[PDB]
């Protein structure tokens, strides 16, 4: 199964246990910029682990070239090597992707894998 390529349950592990030591393989579902006048763009990502999606992933600014040169794009599969979880003033949590590797390009995967459901 194509879902065999993804780290099913990694999103729940991050959200429920705060496990920051896993190196999960995830699929990018969508990418949206968040822009400000003096700041570089901040890329927000809807990611899938094959079981859940989560829309509160954020790309570290130093990885912006991956989005701007289209290597990190919707449908691609990536392995997260380092991430942190940050809690906002209102209680929401974001997962900041600090280091990753694109394992398979969007064009080599071709479609959303499986039928994941939103975690929140």
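Residue numbers count along the first chain shown, from 1.
Note on 30-38 vs 68-76: mean CA B-factor is higher in 30-38. Relative to one another, 39-47 and 58-66 have unequal mean CA B-factors, and 39-47 is the one with the higher figure.
Highest C-alpha temperature factor among 22, 15, 106, 103, as the PDB entry reports it: 106. In the PDB entry, a CA B factor belonging to the highest third of its chain's modelled residues is recorded for residue 1. Remark: residue 7 belongs to the lowest third of its chain, ranked by C-alpha B-factor as recorded.
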